[PDB]
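>>> A structural model of the following input is requested.
(chains A, B, C, D, E, F, G, H, I, J and K, ligands or ions: 2)
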Amino acid sequence: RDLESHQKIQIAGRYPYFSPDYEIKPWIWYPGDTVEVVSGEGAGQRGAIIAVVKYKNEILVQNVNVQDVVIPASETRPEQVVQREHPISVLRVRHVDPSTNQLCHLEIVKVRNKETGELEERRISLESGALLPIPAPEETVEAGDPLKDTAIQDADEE
Amino acid sequence: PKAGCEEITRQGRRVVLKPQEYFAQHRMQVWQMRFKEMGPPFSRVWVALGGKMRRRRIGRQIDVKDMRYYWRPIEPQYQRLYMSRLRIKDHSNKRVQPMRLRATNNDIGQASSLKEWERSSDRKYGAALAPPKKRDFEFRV
Amino acid sequence: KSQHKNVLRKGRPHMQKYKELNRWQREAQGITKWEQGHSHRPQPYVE
Amino acid sequence: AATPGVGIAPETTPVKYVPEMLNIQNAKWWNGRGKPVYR
Amino acid sequence: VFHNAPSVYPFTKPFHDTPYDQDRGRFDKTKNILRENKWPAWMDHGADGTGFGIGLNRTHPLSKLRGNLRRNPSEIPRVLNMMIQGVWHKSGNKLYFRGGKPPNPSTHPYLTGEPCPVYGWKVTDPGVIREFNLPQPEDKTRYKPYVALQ
Amino acid sequence: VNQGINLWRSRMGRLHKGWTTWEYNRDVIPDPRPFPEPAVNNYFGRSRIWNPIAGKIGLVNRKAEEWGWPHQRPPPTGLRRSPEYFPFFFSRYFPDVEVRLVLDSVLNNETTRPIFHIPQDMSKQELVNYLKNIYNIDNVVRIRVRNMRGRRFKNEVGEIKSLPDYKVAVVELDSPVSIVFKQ
Amino acid sequence: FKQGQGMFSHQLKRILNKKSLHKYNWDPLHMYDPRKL
Amino acid sequence: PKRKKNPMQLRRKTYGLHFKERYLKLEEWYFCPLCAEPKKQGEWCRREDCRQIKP
Amino acid sequence: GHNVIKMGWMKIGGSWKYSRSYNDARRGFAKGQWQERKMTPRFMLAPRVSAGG
RNA sequence: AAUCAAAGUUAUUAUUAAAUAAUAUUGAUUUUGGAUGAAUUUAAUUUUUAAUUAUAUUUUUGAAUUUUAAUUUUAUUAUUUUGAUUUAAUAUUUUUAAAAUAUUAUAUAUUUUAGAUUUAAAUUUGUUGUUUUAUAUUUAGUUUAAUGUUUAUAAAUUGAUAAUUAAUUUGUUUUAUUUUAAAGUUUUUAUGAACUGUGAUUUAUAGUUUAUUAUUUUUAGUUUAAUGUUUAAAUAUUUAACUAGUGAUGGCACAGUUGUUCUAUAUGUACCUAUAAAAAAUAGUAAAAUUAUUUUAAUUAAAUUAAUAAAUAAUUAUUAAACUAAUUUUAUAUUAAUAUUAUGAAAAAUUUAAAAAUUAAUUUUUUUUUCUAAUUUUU
RNA sequence: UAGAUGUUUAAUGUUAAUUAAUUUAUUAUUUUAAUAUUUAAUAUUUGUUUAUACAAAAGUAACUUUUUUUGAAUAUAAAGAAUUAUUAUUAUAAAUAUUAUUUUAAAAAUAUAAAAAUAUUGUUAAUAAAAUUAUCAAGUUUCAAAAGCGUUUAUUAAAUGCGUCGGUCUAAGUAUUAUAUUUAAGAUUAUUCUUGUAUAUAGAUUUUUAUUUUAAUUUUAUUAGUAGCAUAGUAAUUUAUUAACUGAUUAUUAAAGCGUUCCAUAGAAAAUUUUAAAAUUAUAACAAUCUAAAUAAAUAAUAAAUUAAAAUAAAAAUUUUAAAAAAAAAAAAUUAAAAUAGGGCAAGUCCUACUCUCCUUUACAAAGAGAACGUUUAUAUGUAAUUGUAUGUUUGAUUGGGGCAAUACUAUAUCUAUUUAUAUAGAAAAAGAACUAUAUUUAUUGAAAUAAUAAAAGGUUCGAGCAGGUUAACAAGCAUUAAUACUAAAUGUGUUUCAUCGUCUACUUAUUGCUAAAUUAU
Ligand SMILES: [Mg+2]
Ligand SMILES: [Zn+2]
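Residues are numbered from 1 along each chain as shown, chains lettered A, B, ... in the order given. Ligands and ions are numbered 1, 2, ... in the order given. The relevant structure is shown in the block below.
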């Protein structure tokens, strides 16, 4: 059967990112970019974005909302209490121009690239036209299973 | 969720506009034949004929076999009873007069004198009370 | 009789008979209850 | 066990008593299963 | 609507009461005649006294064998009475369903063949018994489950 | 209807006093007081029953993946009755089975009766064929097969998330097998 | 003393609402076989 | 009961020496020299010292 | 207010000891029923004249 | 001993409801058939999932009613892409949960004791608080339009033709509403023969009296009695009686103006008034109710009639009226128009009647601003 | 003070153009629905000790890994009374398991009775069919009334059942047969006479009685008869008993038994006689099990109480009030200790019944088809027909318009008589006219208890009435009101009544009530 009403919507309250399109319109915030919190807590705290979890529109803004972490450890290693910057929302964070250093609105544009024709969706400020590209992710260096991988030259044999 | 929280989620019959009555219903015909209402404004007798004028005549008094012939008023205690069914047309409107017994000539057209009937050529200016319509000599059903 | 011991019931209970199944076969078919069109008669047995 | 409620008519006149004979209202929206067949 | 019969008012109304009569409907009771059933006899009453063959025998499309797992509206009333009631054979042992977790006729392995008295089953069709026949690559060109990276 | 002659007319030889079928005349169907519950099997006990009644959609959802249904015309019924029909061809050559082995009976304790789990629709003689031709197992004299209601539980949210059901098949190998675990 | 209040009477009142498949099987012309014409 | 009782009816309950003596009486006690636990007189422990010489 | 007959105009929430016939003149006049319960209605006493009226 | 008047704040969590909108619609919640089909069939000239701009006619005299509106022309069966719009509604759960004044031989809370008492509503048909409802808290709880500003105009009459010196208003057409709760019923079709009827269904698991296979009977579940009396039970405990069924708790079979009946108007799923379903039946004709303090003109009546009270007078009421001799320089509620579910008058004065009261009678028929003053005294 | 001679809301309350103290004043004495109390210091609850079968329905709150077979497949512990409750679910089979849920220091009642002298029915409507017992658990007899042995929702001269008999049936069942009934077997007998249904019938009705149905009012012969027998009654006699409203006998005009009567008659219900354990009167006589407290925490009911007592008057009522004047646990006198039955009236509906009311009606008859059979008509209207009426007022009669009775009139008391019967269809077509209705005049028959009912009030049993006991004082059919029958048992009470001074009889018949009459004397 279904739940008790405020626990019915507690199920909506606890996991609000399960509704589709809870992820915002084409992504604008990536790791490391210039950012500061304007609303909520500590207005005017300039930080770099450490890590981003997308599906829920959440970001680890460094040096802001650093929440004391209760790290759980085994008998092997002794636990520690070190604080980490807690996943903080983005609806209350904006961008400061890496050059101008003032609160800028960062939005997408399509730009014909130079020597390549991707027309990749490029972020641009609405005041400075700061052409900020989308950062390219990294292929993990130490990835790969040694004993259970068919080699590409051995797996692409047409 | 509020009115009954389960009686209003599962659905029963929904009610709609309720049709009206024949809004000259209360000029019933046991007056449109028995009486006739005479009089100037603000005094309308309902004059009615004699009581004993068809049943037993032989032997009744000589000068009372004729009191049955005059258009006597009906006593006002009944005027107000019968004319009560006619007042109800728009109550609480202290300045509309009661419906009349017979249909006065100007109100019959008052129905078709309305801004919505101006496009019904038939049934306008009196077509019911008109003489019977004349048709093509070939008219046939 | 003023005493219904109600223990003479309860012995050799009847099958469950799940009458919702025949109630369903009616709707899962065009026919209503087979109104006295048949209504029935006891059919013979092989014995 | 069942009942037609109409009562089996003579084998010669197979239909007496249509439900319309009684001024019955059987709109599909009123009692549901209504709409007759002789129609 | 009792009179959906061939209209014959002064003559005798053939069959009138019999098994095969008209004016009784189509999806009626009184159709014991129609005992002809595609499912083999032995799977609706066991091949022997112990009700051996009894059950619901799903079958593979290709297999010519016929099983009694029907889903026609006329046949589900008995296919549930197998899954929830089960059969109490007249020999004393309860058949196809005897305990708690009611079987899933549609997740049975397919009927492979009619039972025989001498052995158990004449395996009438083996084309229903899958024999996974993938060659084991021990000769050359080794293939791990998933591929390498750039 | 309520008053007047139409009230008394019931005495004046009128059985059926009609209900006012001009008032509710908003024509949208009510629903009966013995209201039906939806077709979803609410139960998640061990006596959960398979619904035999065939649903319309389940056929349509079958076609659209068998052959592009609204767009690609059907394969001729001869091919569909043939072992060369793709889902009969994707099966005869690319089986899809999950014969998972339970280790709690084949761990450090030696066993002659290692237990498996096989999909509910793998009969005995197929489990033989399977281990024989895929895992080289060549010594299986008797297999012993149950059927278990898939595990059930309540997730932290609260919906009863019952896993699929399976089929314990305690095979009985000749020479016992074992697994070592060095700590 | 009715019987069977249990779960099978709790499914068989919920799963049987499932609408069976419908195919307009139109009447078979038994006596007038059309293909033998 | 053909009437509900106001508190002044429920309160008369607490005046007789039946309520008082049943609920509202403190028990006379003292410290068992052997067990150091509070104790009434005439009652002892399940213990050799407490059982041979009544503390 | 409730213009109860035979008793002025009463307030709402007032006393309904005397509205025995206001609760009975709110239902409305009998519909389809002779207004005159006894005494041979004055219409029936007078004679039909001029068959149409 | 006895009283003693007494605590208004949880704390903490977020995108449903309802109407509306005139674009889709072969039956929502696994994978027909899986023999090869015969088994997955709902269709017919009637107010129908089709929903219609008048007051005149005409009519069993009395619940019956008005005809294309522009001929495919738009009144038409409806949502995603503004948390889809709008306006009305607003929560539901988790855990919150508090408090210090009046005697000392007794009527009822005021500090200064004494004075003080219908609890209300109805019902009172003045058989005049007439034996009815209410434990308390909070929430929810009942629909007659209090208004007429310039285009603009109405108004009668015969039975009928007609006649209209016959004298005269108003109105840019005013309509819609009509209490609330409550039956037994009543009709319209769907479900039920697991209880119980009857149909059918079992061909020999204990005792015994008698010559007898018939027949007395062991007889622990059942014609009685106690207990129980919201009980361990919406029928159980103990117990009396009875008990001999080759003819019967039982395959499936009969269903509601009807089945069944060794017939009792009995039963056909724990009140047979079947259940289930769909209505707005009636209930003003002594049922229960009908929500807003501080106001600003009074009263009773009692007759014609009733296959016995919805109707009439008279009263009351809402709205409105004009100053005819009589007097003082007194004093005067008279009316019109509508609204109106009523038959019976304390103490007298008398009058019918075995009244043993009823009946006639006809004058009564109480709503206190506060401080104060006063002429009628349980001598 | 304060407009005035008493019943139709006051609102720019964030300027519904709001923006940090709006301090919102507006809240229905009952209704349901949700909570909370009272009953409740409680009613229930309470876990100390152990006599074995296996099926199927039924469940699935359900854990899992465990070694089923040599079958493919398939599935093996758990119900129903709302519950973990009264509760062996008896499909089978078996017979020695040291299988294992029951608080506790008392006497009242009460459920209950071990034990125990007399007495034996005097108790009571009535003793005797009334648990178990190792003290081994059983009354005998007579008479009168009474059939079959099956079967029943208030459990039986209920209804079955065999035979006989009446009727029907030779193109679906065997006419010593099977339908359709009435009776009841067995044994005696089964009487007199017909006005209607039925049959037969002849265009039909109308007529019309071989047998059958129903009838016999003085049928009344046989036969039993104060009897389940309309009153009269306790029938009058006889017994029987101390006492005979018992019961049995004789006969015998029995309010109107009667031939399907009567006899015969067995376990039944009575009446004797008699015996007898239930603790039957006398009669009272705890051995047993059923604490408090500690714990868990329900129910009816609930306007309030500081009054409640008590006495007295009352006035409409039973008294309850008003007034005066006082002054913890058992029991059931009062509050409503009760439920719910018992009335009767009103409007409403229900259900059944028949010479008179009326349809849907399937039968009978006519006609039409060269009548090949189905339909349609016409005339008919059936209780087979399920519609509606069957009153109102005073109590059972009356219904009209007058008059006399103080220009009062309940029907009071008396009488009169062209005092007139309005409308609508028909009838009379000029001005003139007929018919009929509770005579103000709306409807289309008359009857029932149907276990009648639902929504209401209101009485049979009374602070006041009425008619039939030696004539007259008295049982007691209408003005109130959950008081919810008479009597008995038990248990009280205030009176009042001659000289101390006064009020305890027990029985028989019937349980009606109160007498009769037996015990000396009552
Ligand atoms: Mg409220
Ligand atoms: Zn100690």
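>>> From RNA strand J, how far out is the residue of chain A found nearest chain I?
Going by CB to the nearest CB, chain I is nearest to residue A:5 of chain A, at 37.9 Å. In short, each C-beta sits where N, CA and C put it, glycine included. Distance, residue A:5 to RNA strand J, by CB to the nearest atom of the strand, to the nearest Å: 4 Å.
>>> what does residue F:34 give?
To RNA strand J, residue F:34 is 5 Å away according to CB to the nearest atom of the strand.
>>> With residue F:20 instead?
3 Å.
>>> go on, residue B:137?
To RNA strand J, residue B:137 is 20 Å away according to CB to the nearest atom of the strand.
>>> ok, the residue nearest the centre of chain B - contacts?
Geometric centre of chain B, nearest residue: residue B:27, 2.6 Å, by CA atoms, centre = their mean. Contact partners of residue B:27, counting by CB atoms under 8 Å, 6 or more residues apart in numbering or on different chains, are B:86, B:99, B:100, B:101, B:102, B:103.
>>> Regarding it, what is its secondary structure?
Following DSSP: H, G, I helix; E, B strand; the rest coil, residue B:27 is assigned to coil.
>>> show me where the chain has strands.
Going with chain A. For chain A, applying DSSP state E gives strands covering A:34-37, A:45-53, A:58-61, A:66-68, A:83-85, A:87-89, A:93-96, A:103-104, A:106-110, A:121-125, A:131-132, A:149-150.
>>> could you do chain E instead?
E:146-147.
>>> interface residues of it facing chain A?
Contact residues, chain E versus chain A (CB under 8 Å from any CB of the partner chain): E:141, E:142, E:143, E:144, E:145, E:146, E:147, E:148, E:149, E:150.
>>> quick one, helices of chain E?
With helices called from DSSP state H, chain E shows them at E:76-80.
>>> Repeat that for chain G.
For chain G, applying DSSP H gives helices covering G:8-11.
>>> likewise chain F?
Along chain F, counting by DSSP H, helices occupy F:5-8, F:56-66, F:77-80, F:86-93, F:124-134.
>>> quick one: is the second one near chain G?
Yes: Helix F:56-66 is in contact with chain G by CB under 8 Å from any CB, via F:56, F:59.
>>> So is that helix next to chain E?
No: remark: helix F:56-66 sits outside contact range of chain E, by CB under 8 Å from any CB, the gap being at least 10.9 Å.
>>> For that helix, what is the distance to the chain centroid?
A distance of 15 Å separates the centroid of the chain from that of helix F:56-66, by CA atoms, centre = their mean, to the nearest Å.
>>> With the fourth one instead?
Distance of helix F:86-93 from its chain centroid, counting by CA atoms, centre = their mean, is 21 Å.
>>> Residue I:2 - how many residues pack around it?
A count of nearby residues for residue I:2, using other CB atoms under 10 Å in any protein chain shown, gives 17.
>>> And the nearest residue in space to it that is not next to it in sequence, its phi and psi?
Counting by CB to CB, 6 or more residues apart in numbering or on different chains, residue I:10 is the residue found nearest to residue I:2 once chain neighbours are left out, at 4.7 Å. Here is the backbone geometry of residue I:10 (degrees, to the nearest 10): phi -80, psi 160.
>>> Only the buried residues of stretch F:36-47, if you could.
For stretch F:36-47, burial by neighbour count (16 or more other CB atoms under 10 Å in any protein chain shown) applies to F:43, F:45, F:47.
>>> I meant to write stretch D:27-39 there.
Across stretch D:27-39, burial judged by 16+ other CB under 10 Å covers residue D:30.
>>> quick one, what contacts the spatially most central residue of chain A?
In chain A, the C-alpha nearest the mean C-alpha coordinate belongs to residue A:52, at 1.9 Å (CA atoms, centre = their mean). Residue A:52 sits next to A:29, A:30, A:31, A:58, A:59, A:60 when contact means CB under 8 Å, 6+ apart.
>>> Give me the buried subset of the residues you listed.
Buried, going by 16+ other CB under 10 Å: A:29, A:30, A:58, A:59, A:60, out of the contacts of residue A:52.
>>> From residue A:131, how far off is the first one?
Same thing as residue A:29. Separation of residue A:29 from residue A:131 (CB to CB, to the nearest Å): 17 Å.
>>> Equivalent analysis for the third one, please.
When distances are taken as CB to CB, residue A:58 and residue A:131 turn out to be 27 Å apart.
>>> repeat for the last one
Shown here: residue A:60 relative to residue A:131, a distance of 26 Å by CB to CB.
>>> Who is residue A:83 paired with across the strands?
Assessed by DSSP bridges, residue A:83 has beta-bridge partners residue A:68.
>>> Report the closest residue of chain H relative to RNA strand K.
Distance from RNA strand K to each residue of chain H (CB to the nearest atom of the strand) is smallest for residue H:4, at 3.3 Å.
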